[PDB]
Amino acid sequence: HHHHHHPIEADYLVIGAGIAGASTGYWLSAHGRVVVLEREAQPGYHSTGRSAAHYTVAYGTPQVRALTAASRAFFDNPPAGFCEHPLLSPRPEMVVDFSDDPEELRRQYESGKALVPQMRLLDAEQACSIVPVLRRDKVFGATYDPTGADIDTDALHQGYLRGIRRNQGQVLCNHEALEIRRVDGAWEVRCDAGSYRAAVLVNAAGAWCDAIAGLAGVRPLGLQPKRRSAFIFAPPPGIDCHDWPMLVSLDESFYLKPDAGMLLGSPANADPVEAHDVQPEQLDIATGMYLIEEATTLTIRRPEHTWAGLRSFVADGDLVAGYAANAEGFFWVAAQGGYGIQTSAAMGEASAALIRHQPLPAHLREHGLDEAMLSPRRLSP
């Protein structure tokens, strides 16, 4: 009984305009009519706007590391017109053993080196030379990856969205998917002012991917959102930290990285929560500050910024890009975990190819990617 606009027909409806939907949409948009439906007034209000903006190959499961490695070429050399400035800035990563676990440190070095030939094994004095605020008594060695990079996430994200629009796609904010139904051979999404129809529904809804499946009547993946908090604080007078690496503890108890002229800290937490607009917890922030003040000579007065975001995982820690079994046209782009920005070029290209029933492009297969490794079918016996 209330007015709605006539339905809009497309080839692919993408739910969510974060890095997952934007990257998938970007690679789809040259081939057909893309409509991206985003709940919020802005596309990057949830996880894509809350990251540490870093690129690190030796991080995550083997599938994650391949997706990340395979994304570098786009990031370093994107198409003409994609963006105005470089997407990556040099930022090596140093993983420091603060718990005296040489066997773990060696395992991570050998593992890392196998993918990153320039990775180095450092002794405690070498780690303290690189970040001189480290407490030598607390340091037992480190790994060092000279190939790490900071990512200009806003430029990357906006580049994907602009690409969609240049290919006559639509990116519609304030268009929460409220209902989803298979109607006359298409998926039909009701938003508050009108509905959208396409043969393909691309579920790129971040921590809400299983909620979208629940609207559609599609069996969910078992996605678990996990809260991670972070904060920005001023370095003490006299400390010039602008060229420090990203510093991470071996057991992921905290990390620390320069953010221009400030420092970004985090307790690197993973507290399981429901999908929601997540806020930082005081205990998260206090724990991160405590651990930084114990590992280093830094004293932290009060943060300039605090936030938290959701890193969402399925049971095996791997990303998901594939059609749902037994649910025609429903395509998952999910389980980005702590890796959705640094994997986005490979995930977007792969997902788009698979949506289109195409082979994975050579450069992706050469990095050891295949359809089965990405598929949600692997979560099932």
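The first residue of the sequence shown is number 1, and the count goes up from there.
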Can you tell me whether 353-361 has a higher mean C-alpha B factor than 12-20 in this record, or the other way round? 353-361
Is the mean CA B factor in the deposited entry higher across 314-322 or across 55-63? 55-63
In this crystal structure's PDB entry, the residue among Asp145, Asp284, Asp192, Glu84 with the greatest CA B factor is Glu84
Among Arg302, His276, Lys226, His157, which residue carries the highest C-alpha B-factor recorded in the PDB entry? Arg302
Sorting the chain's modelled residues by C-alpha B-factor and splitting them into thirds places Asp259 in the highest
Taking the entry's C-alpha B-factors for this chain, is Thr68 in the lowest, middle or highest third? middle
Could you look up the Cα B-factor of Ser99 in the entry and say which third of the chain it sits in: lowest, middle or highest? highest
Could you tell me which third, lowest, middle or highest, the C-alpha B-factor of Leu172 occupies within its chain? lowest
Ranked C-alpha temperature factor of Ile212 among modelled chain residues, by third: lowest
